[PDB]
Amino acid sequence: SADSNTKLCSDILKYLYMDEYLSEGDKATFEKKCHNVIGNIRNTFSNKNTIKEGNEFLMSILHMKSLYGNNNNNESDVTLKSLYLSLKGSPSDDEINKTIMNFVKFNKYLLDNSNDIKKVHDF
C-alpha cells in the first residue's frame, strides 16, 4: 500500500502538470504529506456513505489542474480515470464514465465568470 501510496503521489503530479509552478522542494513536501492522507482516503472512499470525502478530493485534483496546472497539452496515460479507478480499486464502465463527466462539467461550472453573466435563464 505504501508502495501504491508512492504511485499515486507521482501519478497525481503527473496529472497536475504543475512543473513550472512548484519548487523542487515543493515536490519533497508533496510526497511526504500525500503519503499520509491517501491511506485514510482509500479507507473512506470504500464505504459508500462516506464517498463525499473522496468526491471532493478527486474534484480538488482536477480543479488544481485547471487553475495552476499547465493546460498546454503534453498519450500521458494518466487521467482522472487513472486516478479514480485507483481509489475505487481500494461499478460498470459507464457509471465510471458518467462520474468523470460529472466531474468535468463541474470544473467548467466553477469557471463561468464570462459565461454566466451573459446567460439569461428562461426555462
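Residues numbered from 1 in each chain as written, not as in the entry; some residues may be left out. Part of a larger assembly, values for the part shown. Heavy atoms only, no water.

Labelled according to the PDB entry, the chain appears under the name High molecular weight rhoptry protein 2, originating from Plasmodium falciparum NF54. Its PDB record names the entry "Native RhopH complex of the malaria parasite Plasmodium falciparum".

(A) Highlighting the packing of aromatic side chains. Counted under the stated rule, the structure contains 3 aromatic pairs. Residues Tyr21 and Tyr68 carry aromatic rings whose centres are separated by 6.4 Å and whose planes lie at 80° to one another, so their mutual orientation is edge-to-face. In this pair, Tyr21 is assigned in the loop between helix 1 (2-16) and helix 2 (24-44) and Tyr68 in the loop between helix 3 (52-67) and helix 4 (80-89), connecting sequence segments 47 residues apart. With a relative accessible area of 43%, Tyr68 lands in the partly exposed category. Between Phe45 and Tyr84 the ring centres are 5.7 Å apart and the planes differ by 90°, which places this aromatic pair in the edge-to-face class. Residue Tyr84 is classed as buried on the basis of its relative accessible area, which comes to 7%. (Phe/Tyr/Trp six-rings, centres within 6.5 Å; stacked < 30°, edge-to-face > 60°. Helix = DSSP H or I, 4+ residues; strand = E, 2+ residues; numbered from the N terminus. Buried < 20%, exposed > 50% of the residue type's maximum accessible area, 1.4 Å probe, protein only.)

(B) Region of the structure containing the UniProt feature "disulfide bond" in the chain. The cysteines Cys9 and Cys34 carry a UniProt disulfide annotation, and their SG atoms are 2.0 Å apart, under the 2.5 Å mark, so the bond is there. You can see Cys9 sitting in helix 1 and its partner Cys34 sitting in helix 2, a full 25 residues away along the chain. A residue is classified by how much of its surface remains accessible, and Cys9, at 2% relative accessible area, is buried. (Disulfide = S-S within 2.5 Å. UniProt positions renumbered as here; feature names shortened; annotations may be inferred.)

(C) Spatial organisation of the packing of helix 1 against helix 3. Their axes nearest at 8 Å, the elements helix 1 and helix 3 cross at an angle of 40°. One way to sum up the angle between helix 1 and helix 3 is to call them oblique. On helix 3, the residues touching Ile12, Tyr15 and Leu16 of helix 1 are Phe57, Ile61, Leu62, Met64 and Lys65. Looking at the contact of helix 1 with helix 3, its residues break down into 7 nonpolar, no polar and 1 charged. (Axes fitted to C-alpha atoms, helices over the stretch in contact; angles between N-to-C directions. Parallel < 35°, antiparallel > 145°, perpendicular 65-115°, else oblique. Contact = heavy atoms within 4.5 Å. Nonpolar A, V, L, I, M, F, W, Y, C, P; charged D, E, K, R; others polar.)

(D) Quick look at helix 2. Over its 21 residues, helix 2 runs 31 Å from end to end, which matches the ideal 30 Å to within 8%, given 1.5 Å per residue. The largest bend along helix 2 measures about 30° and falls at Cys34. Residues of helix 2 that are buried include every one of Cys34, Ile38, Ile41, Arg42 and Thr44, and no others. Summarising the contacts, the buried residues of helix 2 are in contact with helix 1, helix 3 and helix 4. (Expected span 1.5 Å × (residues − 1). Bend = angle between axes of the 7 residues up to and from the residue.)

(E) Local environment of helix 1. Here helix 1 contains 15 residues, and its C-alpha end-to-end distance of 21 Å stays within 8% of the 21 Å for a straight helix at 1.5 Å per residue. All of the buried residues in helix 1 are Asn5, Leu8, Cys9, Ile12, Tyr15 and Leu16. One side of helix 1 carries all its buried residues, which in axial view fall inside an arc of 125°. Those residues of helix 1 that are exposed and angled more than 90 degrees off the buried face are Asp3, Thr6 and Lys14. The elements touched by buried residues of helix 1 are helix 2, helix 3 and helix 4. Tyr17, located one to two residues past helix 1, shows a positive phi value of around 55°. (Arc of directions from axis to C-beta.)

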